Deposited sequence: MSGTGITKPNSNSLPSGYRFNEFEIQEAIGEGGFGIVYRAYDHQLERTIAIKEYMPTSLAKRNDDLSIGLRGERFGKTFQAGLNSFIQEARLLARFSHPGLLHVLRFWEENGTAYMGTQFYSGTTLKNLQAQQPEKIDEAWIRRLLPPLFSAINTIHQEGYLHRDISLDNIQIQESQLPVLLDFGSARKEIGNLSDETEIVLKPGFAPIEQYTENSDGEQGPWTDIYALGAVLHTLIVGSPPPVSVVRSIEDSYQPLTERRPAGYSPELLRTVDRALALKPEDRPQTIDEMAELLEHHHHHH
């Protein structure tokens, strides 16, 4: 809708197709004619704040949006810098960054496959316990790599995990610009992800914060929907443990691991990714 057309050029880069269009950015499949390789280009584009001009630059929808637009842009830059710290198969690899068209762009590695959200919607029968147990070692590795450098993800759900055709996962996006815009605009609904964010994110954060969201992802894969919103749980905890529900085809060991990651209070969860991984052993 707002996307650059196939054939658009950024010097050596050529746009091939808009493959993702959300409220806050566009993702393109593109081609580097100098290195003769396919890449992705992520374009900052907050549709509530900005529109596409005739010359294909980006312009404010209203002059009052300039401060929030710039703050989102700054957060987009900071996220690119964070991802540029890593060279890990499970984290989105950043090749280049530049500003143009009144906005900003990340050139990144192009990944095969699709999101975990799309895989769960389109092929849920592929997702069983054996598949989940193959997913977890590389997913654990990617998350732990963030933690070991002193950072947290804080936006994990099914929507921003890529599942490659190899089935290996990639963490694509931390939602930084979206969340900054939401906080400044009082659009609270775009900051935290209901059912994935644990209680301490609503206002003490650490690796256990991401571990809860990973538990919520796993819960969604096993029974089809995330657990109750954590603030609602903090009033009256209506979470039914998976070890009691006993969904068909799932071991108590995997179920219990998910339940422990979803402990309401941070101190009751696995405290590190390594601690959570240890729970899946002894079987």
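What the model leaves out of the deposited chain are the segments 1-10, 214-218, 299-302.
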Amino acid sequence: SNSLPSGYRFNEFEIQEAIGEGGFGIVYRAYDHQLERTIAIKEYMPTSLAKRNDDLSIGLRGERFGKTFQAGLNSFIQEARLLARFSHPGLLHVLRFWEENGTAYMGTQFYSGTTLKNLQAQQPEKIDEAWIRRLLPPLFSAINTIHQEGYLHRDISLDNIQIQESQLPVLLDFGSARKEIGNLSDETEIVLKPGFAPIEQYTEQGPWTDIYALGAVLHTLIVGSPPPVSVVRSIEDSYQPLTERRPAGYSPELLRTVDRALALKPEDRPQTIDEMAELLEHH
From here on, numbers count along this sequence of modelled residues.
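Comparing the deposited coordinates for 35-43 and 50-58, the stretch with the larger average C-alpha B-factor is 50-58. Set 261-269 against 18-26 and average the Cα temperature factors; 261-269 ends up higher. Looking at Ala177, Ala121, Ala197, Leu171, the one whose CA carries the top B-factor in the deposited record is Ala121. Per the deposited record, the Cα B-factor of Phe69 falls in the lowest third when ranked against the other modelled residues of its chain.
Sort the modelled residues of the chain by CA B factor and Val217 lands in the lowest third.
Ranked within its chain, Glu100 lands in the middle third, by CA B factor from the PDB record.
Per-chain ranking of the deposited C-alpha B factor places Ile127 in the highest third. Among all modelled residues in its chain, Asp155 ranks in the lowest third by Cα B-factor.
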